[PDB]
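A.B. asks: The structure that follows is given in the form of structure tokens.
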Amino acid sequence: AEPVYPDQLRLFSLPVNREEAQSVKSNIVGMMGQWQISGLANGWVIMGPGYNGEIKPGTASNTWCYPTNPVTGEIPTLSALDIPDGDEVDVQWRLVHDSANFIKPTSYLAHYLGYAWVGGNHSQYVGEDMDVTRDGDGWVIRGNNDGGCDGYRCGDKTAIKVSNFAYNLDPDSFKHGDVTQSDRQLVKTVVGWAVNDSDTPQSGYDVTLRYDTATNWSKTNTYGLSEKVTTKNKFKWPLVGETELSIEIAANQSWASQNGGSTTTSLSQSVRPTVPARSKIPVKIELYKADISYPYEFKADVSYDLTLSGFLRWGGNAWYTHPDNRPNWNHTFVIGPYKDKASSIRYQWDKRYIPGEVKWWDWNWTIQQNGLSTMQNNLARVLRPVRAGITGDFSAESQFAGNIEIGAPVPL
Amino acid sequence: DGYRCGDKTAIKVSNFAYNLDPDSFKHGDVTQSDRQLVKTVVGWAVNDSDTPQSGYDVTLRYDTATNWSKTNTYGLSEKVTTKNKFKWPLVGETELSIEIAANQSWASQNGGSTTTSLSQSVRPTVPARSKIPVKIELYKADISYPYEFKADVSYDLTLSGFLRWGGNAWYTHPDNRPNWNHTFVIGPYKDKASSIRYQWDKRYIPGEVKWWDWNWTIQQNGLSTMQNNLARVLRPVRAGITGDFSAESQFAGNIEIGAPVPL
């Protein structure tokens, strides 16, 4: 009838229903020794491993219970972190070099999920002695490995990677400056006149210039068969003498398949002047290709992709199949608005009461190992909002530029 | 007197561009020459109703286009044939031959096109119980006109020579005296490789040092030395510009609405 959160279940040896027990059966049965038997509400019994989790009518010396006035355990929302203004790279630098608000929370998440060796060689603690570096368009955070170490595969440290930054602009904050042009090349121009020899103003005039460009491709596969039968004989014919006669019959079959596609870009310009009675107006339209550049600024919310890369500990990890052969793992979370299920921490946390939805990380396992409030506080920090002012520059090559003009009237 | 003293460094200046002040641009008379006719249309708009009518349209349009393509084709073929001799009724000895064959073929194509189009329309308002004549003409012509404006001047600066053995600012610090060519854009930002301000401002991040090492130049010459030199190199430039526009085989047209004639 109501969702059951496994972290709230409490076994005593001095009451859960049959329907409730079935919806989270594998959590209850997992928390049981082989051949053990425990009671449920209303005359029912839940049996442990070795009885394959069977739920049957009966009695028991001990009972599975769920508290009156339980809690949901949602992840709390913290206030935003303000980063001093700069361009995109300066703001990214300030975020990844923050120890208390970024480096440690991220390191603990990797640790709690089961990644091995999340730290450097000059400290015994998680998240300490970490090196930060710039790599291509992203950043890499890893424990320092210049000295020696002691442990199985202690030289194989876990990396934290940060990339794909995005901005949610405040609607009233965006501004831009001068737009400049360079390497201008002419495509085409038109000039002309609109003449009105009537006694009223007229607006029924139109001059339009249009330029289009396109590309295309295709691929074809053809297969076929052929069969032929021929006979040859020799005969004596009148006047001509001995003649060789040959007759040939043949047939063929063929099959073919094709796929393809195309892309088109188009730009057009028009002028439509209103002309006074007994007068004329000149018009002009021009089109150029040009390199375009301009400065800009805005205020926004900063989001990014977080990737964890390393090997998973033998003694236990949170991957739902719980592998024990120390495999190398790579997983990406999106810190920000929802995009998908595999990459959403909030989606997976909130659905921990439905066993059929547990396809990636097991968050019930992390709660049992570390405590509910431990996990809530860590995740609230990992998912904390970030805000900053941004300044920057736009540039692009071979874009379009144009000019449309209506001139002064000349009396007829 | 010196090692390779005859191999001197060159400074090259090109690709000038202008940022016009918005209220400064003017142009003069537009003239035409070598005019060739494409097409004309004439006609009448007739209104025999008791109200003015504006529901009339005459439109003339001219289009031109080019295209290209390339194709690559490959294939295979296999054949088996047998031949035997038999004696058949009435016909006698006959040679009989039977042939079976199969084939396969693969092909790939790429291509593209460009189109230019120009059109003109006239839509007159006609008084009640009256008629109006109209005319449209299209020509190809050479176009020319004078102009003037005030602007900010920007350009591309290219340095070309060999790099000194005793030390240079290229981030890999080569020591084999190689010949070098690098271009900076003096003006608004276009890219990172060509922007002095971008590279200077990011000198605190080692992963961004991909071209010139500006920390090296500071250590060698002093911070204020380098600031004053770069401030002069990047100083803004302004001038008034006069000039002339010309282009061949452009379009020219004329659209006319005439005086009404009572019915």
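Numbering starts at 1 and runs along the chain as displayed.
The header says electron microscopy, 2.2 Å.
Here the Cβ of each residue, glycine as well, is placed from N, Cα and C on the backbone.
So Swiss-Prot has the following annotated:
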REGION    A:35-51  region 'Interaction with host N-linked glycan'
SITE      A:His122  site 'Important for oligomerization'
DISULFID  A:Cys149-A:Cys154  disulfide bond
REGION    A:313-322  region 'Interaction with glycans from host GPI-anchor'
SITE      A:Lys341  site 'Important for heptamerization'
SITE      A:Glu357  site 'Important for heptamerization'
A.B. asks: Mind checking which residues of the chain, 6+ beyond the ends of the region 'Interaction with host N-linked glycan' (A:35-51), have their Cβ under 8 Å from one of its Cβ atoms?
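C.D. replies: Same-chain residues near the region 'Interaction with host N-linked glycan' (A:35-51) but 6 or more away: 11, 15-18, 21, 25, 28-29, 57-64.
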A.B. asks: Write out how many residues of the region 'Interaction with host N-linked glycan' (A:35-51) are helix, how many strand and how many coil, based on DSSP.
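C.D. replies: Taking the region 'Interaction with host N-linked glycan' (A:35-51) as a whole: 0 helix, 7 strand, 10 coil.
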A.B. asks: Other than its own, how many Cβ atoms are within 10 Å of the Cβ belonging to A:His122 (site 'Important for oligomerization')?
C.D. replies: 11
A.B. asks: Within 10 Å of A:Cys149 (disulfide bond) (Cα to Cα), which of the recorded sites A:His122, A:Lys341, A:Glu357 do you find?
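C.D. replies: Matched recorded sites: A:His122, sequence order.
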A.B. asks: Roughly how many Å separate the Cα of A:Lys341 (site 'Important for heptamerization') from that of A:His122 (site 'Important for oligomerization'), to the nearest whole number?
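C.D. replies: It is 38 Å, counting Cα to Cα.
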A.B. asks: Given A:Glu357 (site 'Important for heptamerization') and A:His122 (site 'Important for oligomerization'), what distance in Å do their CA atoms have, once rounded to a whole number?
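C.D. replies: Cα to Cα, A:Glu357 (site 'Important for heptamerization') and A:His122 (site 'Important for oligomerization') are separated by 41 Å.
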A.B. asks: Distance check, please: Cα of A:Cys154 (disulfide bond) against Cα of A:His122 (site 'Important for oligomerization'), rounded to an integer number of angstrom.
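C.D. replies: With distance taken Cα to Cα, A:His122 (site 'Important for oligomerization') is 13 Å from A:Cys154 (disulfide bond).
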A.B. asks: Including all protein chains shown, what's the count of other C-beta atoms within 10 A of the C-beta of A:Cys149 (disulfide bond)?
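C.D. replies: Its Cβ shell of radius 10 Å holds 13 other Cβ atoms.
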A.B. asks: Ten-angstrom check, please: count other Cβ atoms within 10 Å of the Cβ of A:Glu357 (site 'Important for heptamerization'), all chains counted.
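C.D. replies: Here the count is 13.
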A.B. asks: Taking DSSP three-state, what's A:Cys154 (disulfide bond) in: helix, strand or coil?
C.D. replies: coil
